[PDB]
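What is reported rests on the model, the rules as stated and the sources as named; no laboratory read-out is quoted. Don't worry about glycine lacking a Cβ; one is built from the backbone with ideal geometry, like all the others, and counts go over all protein chains shown.
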Amino acid sequence: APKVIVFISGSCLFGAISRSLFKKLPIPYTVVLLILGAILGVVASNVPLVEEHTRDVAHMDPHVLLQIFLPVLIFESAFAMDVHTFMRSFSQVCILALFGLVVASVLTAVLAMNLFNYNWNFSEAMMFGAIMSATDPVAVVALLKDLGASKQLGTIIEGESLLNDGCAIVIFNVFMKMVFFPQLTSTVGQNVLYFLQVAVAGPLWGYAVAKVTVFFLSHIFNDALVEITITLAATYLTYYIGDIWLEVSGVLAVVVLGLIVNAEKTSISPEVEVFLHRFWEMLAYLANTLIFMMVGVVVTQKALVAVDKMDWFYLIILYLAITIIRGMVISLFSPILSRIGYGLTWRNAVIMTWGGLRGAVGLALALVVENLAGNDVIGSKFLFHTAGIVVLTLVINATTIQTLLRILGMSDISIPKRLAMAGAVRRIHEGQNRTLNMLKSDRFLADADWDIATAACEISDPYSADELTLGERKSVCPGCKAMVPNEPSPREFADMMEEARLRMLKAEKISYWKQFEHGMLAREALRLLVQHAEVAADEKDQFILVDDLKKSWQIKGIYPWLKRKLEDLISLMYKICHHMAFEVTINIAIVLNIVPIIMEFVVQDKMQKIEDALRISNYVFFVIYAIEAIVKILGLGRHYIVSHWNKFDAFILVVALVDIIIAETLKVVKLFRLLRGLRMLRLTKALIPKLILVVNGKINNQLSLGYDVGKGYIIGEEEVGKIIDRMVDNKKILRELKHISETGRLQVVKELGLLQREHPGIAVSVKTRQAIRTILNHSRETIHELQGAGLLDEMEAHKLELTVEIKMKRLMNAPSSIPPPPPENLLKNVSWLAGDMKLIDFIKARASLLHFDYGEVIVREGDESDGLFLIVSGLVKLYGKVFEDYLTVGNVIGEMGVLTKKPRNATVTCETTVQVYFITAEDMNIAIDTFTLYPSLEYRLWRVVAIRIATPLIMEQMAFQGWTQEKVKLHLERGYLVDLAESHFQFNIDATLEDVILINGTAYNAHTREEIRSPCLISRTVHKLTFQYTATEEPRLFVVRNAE
């Protein structure tokens, strides 16, 4: 019967009791876990049964203790990190953690040698410094995440803690191998090779197994437990193989593996992602509880038998000197840390000095020192000093860091956050009052006690020179709360401009959050957009600019250069070799000759009759490479004569002929050069396009982030320009804000068009991914609203949700560069050319491809409409009278001009080399007259231009109801044009009509009270409409029926 199960269950129960009882106290639960472990240890020192239990558990081997507890803690520290904010400040975190750990371990070693009465040498003192310098702050990270601002400081602290733990265990292992278990001597070259092996092949092995784990997780669908077990087994196998088999630092491998797995969380399903987060947090909690209980037991059983008053004095002096040393390290690295993009202030420096909480890592290292030392007192001193430092740092640093965050002014709630929380609390209270008044007039819920219900449903406000600032901010508000007419003053004009800028920035932040909440923006795109908005909100008169937003879609770097260099590197015997199976066959021959190459290498290293005379000359060089691949498939002319890859293939075959004449002579260095050169050239020829695919994936990720940021800014500017009239009262400030917003919109649109033109195929791939993701999200919304209406039960809706989740996961594993379609495929995929194939054939026969270079004008402002222009290449600029817009590939120019037979509105000029499909107006009229079915060309063209001309009216009228542009377009897509010729050219507005827009022509309404001539949405006061049939008008209206 295992007593370890009893001890683990008792430690879990004690940790649960410690977490439950100490919710309100500022003392952490780990300190009272240590106290309970000490009580259990002295009980075990008295009672023999508890002695048996704690003897078979707490007297554990060091190696199994490390191999069990270190991977869980290290992987959870790496996996709980916010990896985007960590990698944005990776250089500062890395230099601070590495150099501060090195110099703090050196200073702690010097302090221990000069202070402690034990005659420790430099290596044991460096082991002591490596144990002491490892910090594990979790309460500081939780407090920094909870207390509003300084969100980047918590990420700095957590990343520095992760790298500090990893490199501290690395240097601890180095000095433990110097002191305790071996005593072997070596030369300087072997020491350099060992340091290089550890500090390089730790992260390299972690990166390799992390890429293998990401590739395995990317191809698992509808299987959560396989993903969870693959993550846990990958972590444990990485640490075990690295630490034992490869003799490398396994801790850095788990650090790199956790950082990469947290980086690539898109390969994991979201339910599996949140389960992995909760599961690894639970595992780290259990590991911390077990470590602290075992440490308390062994401290009060063995480490407390050798301690004097001088030991407690040295513990107090060690705590003070550790705090002073960490503060001096941060103070000496403050200018170097200040010259990064995120420079530390003095308050953040004091917080990071006082945030040095030693945790379970140093306790585990002291435990393995105590078990490794044996009967010597050095491990007892190590364990006692580490336990005292952990207790003192936890209690004093946690309580005084709560007090210090209160004192230093880093815990105050900001005024917009306070206002938003107060408004949310007021809205929740009003909703609860309306719900209570609804429930008080109910049938069943009328005898219920309402005092208890009002006491229970009482969610309140969490937040309960500053007064002068709040009074001034409330003073710059000439709103509806005070009705005094006046005239603008210049200082009042500056205050109104500042207030309008603040309202514009706040509404842009609201629009970005609305885009994120509807599954349109990405997480990192939303974070970057709100970061730019909150940066612009802190300056004097700076709006959210274009120059600081261009850095998101800066595709330039080493990756386009690598893409260009690799695509320049690679660009009836011909009929036989074109079958794309001969290359696969010879690559199979290469990969099956790779293993006897390794066999020949290891056999020549060792020297079975020499593995049967070296596999009889390696199967006579694989029958001289399958008779030189059947003499290069009997030879092929200039195709073999011009390729340099075929030239070193010829070099490989004549080197094989040199091997043949060597066998005729029957050298080892010649054979080694033969096999190495053959395998490296023939592997490089095959591994070039995989590097092309990797480079395409990296450019695809950067382009996806940049396109998401640009599209989010464009949609946010459109929403904030459609809600700008309510918030801004003065005309001049409104016009200035609209002017700067439209210039920013034009610049971002032109930049995104040129970004699409730079890399065509990758832009096509990311647009395809965004379109498929939007279609699947709307399908998921349809499934959810079908399930919520009761028309579909839970199991069938869950089957459909599993189907669309499998489709989304396979969309995540998309090709990174879809090749661009031909212009015939773009002419096929027009919105009004989607259905009818005969109309596709007629338009394709009647089209004409035209080439326009830079600077040429496609169409004028004043000339009559001569036809359409479907853009299949390049970017154009539409300048009209001031209407400015940039159109890209896929847009059609002149649809309403060729429908209404009107002169054009804008001049179309080229920004790049532009290819367009010019369908003539006569050809469009012939195609309109020929195709007159129930979906007709007139109906489809007028539906497309009706959607295009009716979305800004609906977005303007329903801006205050919280409708986005996507919801407005999806609501408008359910509509239909009314054939007015059937119903005597008069239409009646019924109650089923949700929104009715008149698209073209003039119309008369109600009892001929007035005339609605302009294209605009018809108001609710109109009951009936009458239409006239006149010359060159053709009145058309677009109605949308309600949901039936």
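Listed residues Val274, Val254, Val305; which is buried (at least 19 other Cβ atoms within 10 Å of the Cβ) and hydrophobic (A, V, I, L, M, F, W, C)? Reasoning before the result, please.
Details: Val274 fails: buried (at least 19 other Cβ atoms within 10 Å of the Cβ); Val305 fails: buried (at least 19 other Cβ atoms within 10 Å of the Cβ).
So the residue among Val274, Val254, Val305 that is buried (at least 19 other Cβ atoms within 10 Å of the Cβ) and hydrophobic (A, V, I, L, M, F, W, C) is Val254.
Going by the conditions given, is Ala142 in contact with a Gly (Cβ under 9 Å, 6 or more places away or on another chain) and surrounded by fewer than 13 Cβ atoms within 10 Å (Cβ to Cβ)?
Working: in contact with a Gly (Cβ under 9 Å, 6 or more places away or on another chain): yes; surrounded by fewer than 13 Cβ atoms within 10 Å (Cβ to Cβ): yes.
It is true that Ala142 is in contact with a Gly (Cβ under 9 Å, 6 or more places away or on another chain) and surrounded by fewer than 13 Cβ atoms within 10 Å (Cβ to Cβ).
Considering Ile570, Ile555, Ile598, which residue is within 30 Å of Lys667 (Cα to Cα) and surrounded by 10 or more Cβ atoms within 10 Å (Cβ to Cβ)?
Values: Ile570 fails: within 30 Å of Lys667 (Cα to Cα); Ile555 fails: within 30 Å of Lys667 (Cα to Cα).
Exactly one residue qualifies, and that residue is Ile598.
Which of the residues that make up segment 937-974 are of a type in the set (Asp, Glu) and either more than 38 Å from the chain's Cα centre (by Cα) or not in a helix (DSSP H, G or I) (or both)? Before you say what the answer is, go through the steps one by one.
Let us first name the residues in segment 937-974 that are of a type in the set (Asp, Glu), namely 938, 956, 966, 973.
Answer for segment 937-974, where residues must be of a type in the set (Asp, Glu) and either more than 38 Å from the chain's Cα centre (by Cα) or not in a helix (DSSP H, G or I) (or both): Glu938, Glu973.
Is there a residue being part of a helix (DSSP H, G or I), buried (at least 22 other Cβ atoms within 10 Å of the Cβ) and either under 32 Å from the mean Cα position of the chain (by Cα) or outside the structural domain of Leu367 (by TED's automatic domain parsing) (or both) anywhere in segment 110-125?
Checking segment 110-125: not a single residue is part of a helix (DSSP H, G or I), buried (at least 22 other Cβ atoms within 10 Å of the Cβ) and either under 32 Å from the mean Cα position of the chain (by Cα) or outside the structural domain of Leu367 (by TED's automatic domain parsing) (or both).
Kindly list the number of the only condition in (1) within 30 Å of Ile714 (Cβ to Cβ); (2) of a type in the set (A, V, I, L, M, F, W, C); (3) surrounded by 14 or more Cβ atoms within 10 Å (Cβ to Cβ) that fails for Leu970.
(3)
Given the conditions (1) surrounded by 12 or more Cβ atoms within 10 Å (Cβ to Cβ); (2) farther than 18 Å from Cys577 by Cα, and given that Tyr625 satisfies all but one, which numbered condition is not satisfied?
(2)
Restricting attention to segment 81-96, report how many residues are hydrophobic (A, V, I, L, M, F, W, C) and surrounded by 18 or more Cβ atoms within 10 Å (Cβ to Cβ). Steps first, please.
Step one: filter segment 81-96 for residues hydrophobic (A, V, I, L, M, F, W, C), giving 81, 83, 86-87, 90, 93-96.
From what is left, the residues that are surrounded by 18 or more Cβ atoms within 10 Å (Cβ to Cβ) are 81, 83, 86, 93, 96.
Qualifying residue count, segment 81-96: 5.
For every residue, the table says whether it meets (1) surrounded by 22 or more Cβ atoms within 10 Å (Cβ to Cβ); (2) out of contact with any helix residue (DSSP H, G or I) (no Cβ under 8 Å at 6 or more places or on another chain); (3) not assigned by TED's automatic domain parsing to the domain that holds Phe279.
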position	(1), (2), (3)
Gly15	yes, no, yes
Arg19	no, no, yes
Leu25	no, yes, yes
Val31	no, no, yes
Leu40	yes, no, yes
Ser45	no, no, yes
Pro48	no, yes, yes
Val106	no, no, no
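Quick check, is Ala448 surrounded by 10 or more Cβ atoms within 10 Å (Cβ to Cβ), part of a loop (DSSP other than H, G, I, E, B) and of a type in the set (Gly, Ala, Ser)? Explain how you work it out, then say what you get.
On the way: surrounded by 10 or more Cβ atoms within 10 Å (Cβ to Cβ): yes; part of a loop (DSSP other than H, G, I, E, B): yes; of a type in the set (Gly, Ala, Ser): yes.
When the stated conditions are applied, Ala448 passes them.
Determine which single condition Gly557 fails, assuming it passes every other condition in (1) under 28 Å from the mean Cα position of the chain (by Cα); (2) assigned by TED's automatic domain parsing to the domain that holds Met680.
Status for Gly557: all satisfied but (2).
Any residue at all in segment 396-407 that is farther than 30 Å from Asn173 by Cα and assigned to a loop (DSSP other than H, G, I, E, B)?
Going residue by residue through segment 396-407, those that are farther than 30 Å from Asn173 by Cα are 399-407.
Within this subset, residues satisfying the condition of being assigned to a loop (DSSP other than H, G, I, E, B) are none.
No, every residue in segment 396-407 fails to be farther than 30 Å from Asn173 by Cα and assigned to a loop (DSSP other than H, G, I, E, B).
Check off (1) of a type in the set (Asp, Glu); (2) under 22 Å from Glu76 (Cα atoms); (3) in contact with a helix residue (DSSP H, G or I) (Cβ under 7 Å, 6 or more places away or on another chain) for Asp146 and give me the number that stays unchecked.
(3)
Could you check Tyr934 against (1) in a strand (DSSP E or B); (2) surrounded by fewer than 20 Cβ atoms within 10 Å (Cβ to Cβ); (3) aromatic (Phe, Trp, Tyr) and say which number it fails?
Tallying (1) in a strand (DSSP E or B); (2) surrounded by fewer than 20 Cβ atoms within 10 Å (Cβ to Cβ); (3) aromatic (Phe, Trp, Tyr), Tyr934 fails exactly one: (1).
For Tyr917, all conditions in the list (1) among the aromatic types (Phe, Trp, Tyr); (2) touching a strand residue (DSSP E or B) at 6+ places or on another chain (Cβ under 6 Å); (3) surrounded by fewer than 18 Cβ atoms within 10 Å (Cβ to Cβ) hold save one; what is the number of the exception?
Of (1) among the aromatic types (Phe, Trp, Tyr); (2) touching a strand residue (DSSP E or B) at 6+ places or on another chain (Cβ under 6 Å); (3) surrounded by fewer than 18 Cβ atoms within 10 Å (Cβ to Cβ), only one is false for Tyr917: (3).
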